[PDB]
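Below is one structure, written out as structure tokens; the observations come after it.
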Amino acid sequence: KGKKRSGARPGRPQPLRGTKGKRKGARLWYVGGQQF
Amino acid sequence: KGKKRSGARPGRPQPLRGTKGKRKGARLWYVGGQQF
Amino acid sequence: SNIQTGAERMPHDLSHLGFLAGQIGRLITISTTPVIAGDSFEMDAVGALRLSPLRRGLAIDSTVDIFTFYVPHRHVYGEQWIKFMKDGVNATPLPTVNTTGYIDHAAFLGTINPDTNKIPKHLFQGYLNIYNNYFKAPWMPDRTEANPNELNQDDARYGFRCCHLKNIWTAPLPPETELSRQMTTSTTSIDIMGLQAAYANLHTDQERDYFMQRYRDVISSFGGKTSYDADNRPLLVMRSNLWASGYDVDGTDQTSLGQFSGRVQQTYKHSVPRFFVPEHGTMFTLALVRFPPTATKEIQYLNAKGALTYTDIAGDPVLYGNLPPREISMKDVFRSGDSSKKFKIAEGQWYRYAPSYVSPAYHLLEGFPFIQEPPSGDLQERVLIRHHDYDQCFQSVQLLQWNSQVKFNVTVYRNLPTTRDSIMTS
Amino acid sequence: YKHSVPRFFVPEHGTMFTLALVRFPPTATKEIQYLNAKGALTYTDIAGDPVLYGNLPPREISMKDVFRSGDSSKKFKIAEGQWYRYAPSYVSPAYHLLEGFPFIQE
Amino acid sequence: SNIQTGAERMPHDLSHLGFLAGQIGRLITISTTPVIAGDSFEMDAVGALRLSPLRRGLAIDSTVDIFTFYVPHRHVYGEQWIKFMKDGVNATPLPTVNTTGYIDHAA
Amino acid sequence: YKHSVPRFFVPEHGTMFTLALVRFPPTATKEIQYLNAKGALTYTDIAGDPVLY
Amino acid sequence: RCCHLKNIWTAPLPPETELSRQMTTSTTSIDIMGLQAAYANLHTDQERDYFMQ
Amino acid sequence: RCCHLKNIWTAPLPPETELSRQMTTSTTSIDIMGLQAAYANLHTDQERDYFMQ
DNA sequence: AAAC
DNA sequence: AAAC
DNA sequence: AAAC
DNA sequence: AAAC
């Protein structure tokens, strides 16, 4: 259960850079080979 | 949650001696005074 | 054939971007992740909170609350879910609630409305449970709609209205608080012993009224505890609170030199520590943006209710410590207060609270998030925030009153086979 | 930016081509979560049962199971359980035709 | 009047004797103690187990299982119980199941 | 015998039930060993072949 | 009445345990991939029968 | 034109991925050994489809 | 191609 | 629910 | 009479 | 439920 709040992240906003988590794992896409 | 069983109380049975717990507390009966 | 009977738990990256927008006092879903029994969930939401451009420079920070709740499906489908799990593979598929035909009519659940117009009932019901257990005033009736299509376009698109931050007027005692209590006495005697008893019963009443309207509270009162399963309540996993701010933009042309526009950019971070999911459910994350309830016309109770009696002015502790709740009207604390709108206050409350002062020069001045006229309506309409009370505060934009761009870093330690275990027959 | 190619021995006559590609993550303004957009949920879709996912054929889905104006006639084969291995980005409907965001509108 | 609004938690001795009898594979209740929210419960059952006299000498020991379970009332009255607690003093009294007219029919 | 229930915190109002069950191992006077009572013995019944079982 | 202590006769597999499982096949082909799947479903059945009722 | 960054919709399995595979069986028997083989061949297919084109 |  |  |  |  919930508690301390913290959006008080002192900083100027940064443009969203990348929708891929923090820790990844196994492979997810199979397309027949490499695709850039 | 339940567990180890123990009626294995090695001993010859003893006649029940007294229906009053182990640890008592405050007074329960009020009859007007002392009564033996 | 032999099949791939197991799986080994490994980290699953369910991270995603969030492009959000809402109104001021409405609770809106900003992210949802369906969880499986036995997985471990963790999230790091980091983004920026922006308000629509305001008409003049910054004057007051708004406060932001971000919440993450867990709602087990059992909680939503009850018996039906239990049976589904037991039935297994041939279980009858789960019920789906109905939405109104519009793209934003399921937006309160942080989702685009499918063309078919239906969504999983757990998504809609979980929201109601969250609202009814932590956001409505304890004394208002639960929200009991069967399908999202029963909602107005503002509830459906922007989320349900939340209450204002507590005030003398915003947080009055519950509506039915009794101001007196009769003991039916006989004609020329009273039973000294019954009277005593009379007091014991009222006590018990009084407590349920003021602090225990909810079953879970009545038990804590006994010094016991109740699981979230005991009363079916969504479990609050994490909550972050913050004040959003920014800076003013100085105009510099011939006509707007001396003029400013407040720019609220607020970097925030919502972190949910690892959480073990005991049974299949959804993890709901919601946002609520609010301003302190500053009205441009609230008066100090002693300054607006006539002639002052000894009871009102002296601060006599024996009086305040011993008389019934005082019933007051919206007119005792507001310049255009409806004398017909009453509320019960604690005696001496006026000495425990101080309203903010807004000089009359600010009354209809656009660009300040102040409430311009005193809320008119029943107790419930006055405590529930009305987003239009803030319309004259901002520049008119397509992204409502606040917008956020977040990166939901979410890791789930789940146990399902690999995407290829999955696409390989052997 | 800085693009550095360490020394390279050219074994036979040829061209050295240097190309650029600029892209945005594929954020659509109308993608829905598979479980939220394909009807009634069966045990196979909602339970996360590893024996099921680890053993049945690829699932054929339509553009309509994941998009608000998806063409039901446009199909695609997905791995069973893919919906539990992936999460789409969410764009509130207030942004749908708002110019200035590099989102895919339809 | 001012009333006795509190109480301070103290040990309550709810000890009692038990004179029991049963059949061989049947589960029988030998003791029950009603508990209030927030109390702490502990018990030490100590007695003797006897079989009816047997027709010849001992040949095989029987096995004995003693169990203590907790059953919350909510579990039994559901919604009705929840409402009772909330309603408080004027709650409608709780339902009572029916037995057969005999002294041992609730044994 | 002695039945001891360590301290227990009661979270909500309820009953504490204590029950007894007395039983004997199920010794029948006429049980036979499966292999001794089901006719002729096949390879599957007598060999203990792990791949079969 | 309680159950006896476990035996071969006292603790048999649950009454409805299936002794076979059909996969409706076509007349002159079987789907190698459906078969696989067939096995995944029975598994799930089997577990609920034996350990998870 | 280049492809989008991988998605569920942007990176589906290759178009011709088979969702089933028939083994032509006889009318009232299947060859336990051919079946085995059937699986070995699909494997080889499956890999070329998904990772080795 | 998170592979006996 | 700043609680005998 | 587990008592201001 | 002596479990990939």
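Identifiers for the structure tokens are assigned positionally: chains receive A, B, ... in sequence, residues are indexed from 1 per chain, and ligands are indexed from 1 in the order shown.
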(message) Using only C-alpha atoms (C1' of nucleotides) and a distance of at most 10 Å, pull out the residues of chain G that contact chain L, as a ChimeraX atom specification.
(response) /G:47,50-52
(request) Give me the residues within 12 Å of residue 10 (chain A) as a VMD selection string, counting only C-alpha atoms (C1' of nucleotides) and dropping any in the same chain fewer than 6 places off. (result) chain C and resid 46 to 48 242 to 246 265 to 269
Emit the selected residues as a tab-separated table (two decimals), in the first residue's frame, including N, CA, C and O atoms.
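Listing of again_19.tsv after writing:
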```tsv
chain	number	residue	atom	x	y	z
C	46	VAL	N	7.83	8.14	-15.53
C	46	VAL	CA	8.54	9.42	-15.38
C	46	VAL	C	8.10	10.27	-16.61
C	46	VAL	O	8.22	9.81	-17.76
C	47	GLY	N	7.56	11.44	-16.32
C	47	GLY	CA	7.08	12.31	-17.43
C	47	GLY	C	6.96	13.74	-16.97
C	47	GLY	O	7.51	14.11	-15.93
C	48	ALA	N	6.24	14.53	-17.82
C	48	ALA	CA	6.02	15.93	-17.51
C	48	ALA	C	4.50	16.19	-17.48
C	48	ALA	O	3.76	15.65	-18.32
C	242	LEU	N	2.23	15.72	-5.71
C	242	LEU	CA	3.17	16.76	-6.04
C	242	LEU	C	2.45	18.08	-6.43
C	242	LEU	O	1.25	18.11	-6.70
C	243	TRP	N	3.22	19.12	-6.43
C	243	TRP	CA	2.75	20.50	-6.82
C	243	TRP	C	3.35	20.79	-8.20
C	243	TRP	O	4.57	20.67	-8.36
C	244	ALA	N	2.54	21.14	-9.20
C	244	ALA	CA	3.16	21.37	-10.53
C	244	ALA	C	3.45	22.82	-10.66
C	244	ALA	O	2.63	23.64	-10.20
C	245	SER	N	4.56	23.13	-11.27
C	245	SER	CA	4.90	24.53	-11.47
C	245	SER	C	5.44	24.80	-12.87
C	245	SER	O	5.26	23.93	-13.75
C	246	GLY	N	6.01	25.92	-13.08
C	246	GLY	CA	6.57	26.31	-14.36
C	246	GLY	C	7.11	27.72	-14.30
C	246	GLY	O	7.54	28.17	-13.20
C	265	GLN	N	5.30	23.55	-16.58
C	265	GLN	CA	5.95	22.28	-16.92
C	265	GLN	C	6.47	21.69	-15.62
C	265	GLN	O	7.27	22.32	-14.91
C	266	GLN	N	6.02	20.51	-15.31
C	266	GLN	CA	6.39	19.84	-14.05
C	266	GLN	C	6.86	18.43	-14.33
C	266	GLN	O	6.11	17.58	-14.85
C	267	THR	N	8.13	18.18	-14.07
C	267	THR	CA	8.74	16.85	-14.25
C	267	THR	C	8.29	16.09	-12.96
C	267	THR	O	8.41	16.69	-11.87
C	268	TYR	N	7.83	14.92	-13.10
C	268	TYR	CA	7.37	14.11	-11.99
C	268	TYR	C	7.85	12.66	-12.14
C	268	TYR	O	8.29	12.20	-13.22
C	269	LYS	N	7.68	11.97	-10.97
C	269	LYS	CA	8.10	10.49	-11.11
C	269	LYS	C	7.29	9.69	-10.16
C	269	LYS	O	7.28	10.00	-8.92
```
(message) I'd like the contact shell of region 2-4 of chain A - 12 Å cut-off, only C-alpha atoms (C1' of nucleotides), skipping same-chain residues fewer than 4 positions apart - returned as a PyMOL selection string.
(response) (chain A and resi 8) or (chain C and resi 65-70+234-242+269-273+275+285)
Residues from the last selection, C-alpha atoms, saved as a PDB file, in the first residue's frame:
```pdb
ATOM      1  CA  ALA A   8       8.757  16.501  -7.403  1.00  0.00           C
TER       2      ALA A   8
ATOM      3  CA  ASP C  65      -1.962  12.890  -7.207  1.00  0.00           C
ATOM      4  CA  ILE C  66      -0.997   9.697  -9.066  1.00  0.00           C
ATOM      5  CA  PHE C  67      -2.344   6.429  -7.828  1.00  0.00           C
ATOM      6  CA  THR C  68      -1.710   2.723  -8.568  1.00  0.00           C
ATOM      7  CA  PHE C  69      -4.308   0.218  -7.441  1.00  0.00           C
ATOM      8  CA  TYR C  70      -4.600  -3.555  -7.841  1.00  0.00           C
ATOM      9  CA  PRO C 234      -9.031  -2.317  -4.608  1.00  0.00           C
ATOM     10  CA  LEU C 235      -5.611  -2.397  -2.878  1.00  0.00           C
ATOM     11  CA  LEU C 236      -3.680   0.885  -3.016  1.00  0.00           C
ATOM     12  CA  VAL C 237      -0.141  -0.017  -3.940  1.00  0.00           C
ATOM     13  CA  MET C 238       1.430   3.341  -4.345  1.00  0.00           C
ATOM     14  CA  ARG C 239       0.640   7.047  -4.309  1.00  0.00           C
ATOM     15  CA  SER C 240       2.542  10.052  -5.325  1.00  0.00           C
ATOM     16  CA  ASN C 241       1.597  13.612  -4.704  1.00  0.00           C
ATOM     17  CA  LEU C 242       3.169  16.761  -6.045  1.00  0.00           C
ATOM     18  CA  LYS C 269       8.097  10.490 -11.112  1.00  0.00           C
ATOM     19  CA  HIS C 270       5.666   7.863  -9.970  1.00  0.00           C
ATOM     20  CA  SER C 271       7.450   4.657  -8.628  1.00  0.00           C
ATOM     21  CA  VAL C 272       5.703   1.551  -7.673  1.00  0.00           C
ATOM     22  CA  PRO C 273       8.130  -0.800  -5.749  1.00  0.00           C
ATOM     23  CA  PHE C 275       4.595  -6.070  -6.058  1.00  0.00           C
ATOM     24  CA  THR C 285      -2.843   3.842 -12.528  1.00  0.00           C
TER      25      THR C 285
END
```
Please superimpose chain A on chain B using every C-alpha atom, paired by order, in a least-squares fit, and write the moved chain as a short mmCIF file (atom, residue, chain, number, x, y, z; two decimals) with C-alpha atoms, in the first residue's frame.
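This went into out_23.cif:
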```cif
data_model
loop_
_atom_site.label_atom_id
_atom_site.label_comp_id
_atom_site.auth_asym_id
_atom_site.auth_seq_id
_atom_site.Cartn_x
_atom_site.Cartn_y
_atom_site.Cartn_z
CA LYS A 1 -2.18 -22.43 10.41
CA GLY A 2 -2.16 -25.84 12.05
CA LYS A 3 0.69 -28.22 12.21
CA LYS A 4 2.47 -30.42 14.54
CA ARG A 5 0.29 -32.82 16.54
CA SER A 6 1.22 -33.61 20.20
CA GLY A 7 -1.34 -35.60 22.31
CA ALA A 8 1.56 -37.87 22.70
CA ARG A 9 1.67 -36.59 26.32
CA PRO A 10 3.42 -39.60 27.87
CA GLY A 11 1.62 -40.10 31.18
CA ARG A 12 -1.19 -42.01 33.04
CA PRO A 13 -4.34 -40.08 32.88
CA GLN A 14 -5.09 -37.70 35.67
CA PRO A 15 -8.60 -36.92 36.97
CA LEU A 16 -9.78 -33.51 35.89
CA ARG A 17 -8.80 -31.15 38.70
CA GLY A 18 -10.39 -27.71 38.33
CA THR A 19 -12.23 -25.91 35.55
CA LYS A 20 -10.36 -22.59 36.07
CA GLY A 21 -7.99 -21.75 33.29
CA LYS A 22 -4.26 -20.94 33.73
CA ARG A 23 -4.18 -17.16 33.94
CA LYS A 24 -7.07 -15.34 35.45
CA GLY A 25 -7.72 -11.59 35.67
CA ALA A 26 -10.34 -9.36 37.13
CA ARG A 27 -13.12 -10.28 39.53
CA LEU A 28 -16.28 -11.86 37.98
CA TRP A 29 -18.81 -12.48 40.81
CA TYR A 30 -20.52 -9.99 43.00
CA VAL A 31 -22.93 -11.54 45.56
CA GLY A 32 -23.18 -8.87 48.23
CA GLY A 33 -20.03 -9.91 50.11
CA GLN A 34 -17.77 -12.80 50.86
CA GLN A 35 -19.23 -16.35 50.29
CA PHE A 36 -17.02 -19.41 50.75
#
```
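Nearest residue to chain B, choosing from E:22, E:95, E:47, E:38 and counting only C-alpha atoms: E:47.
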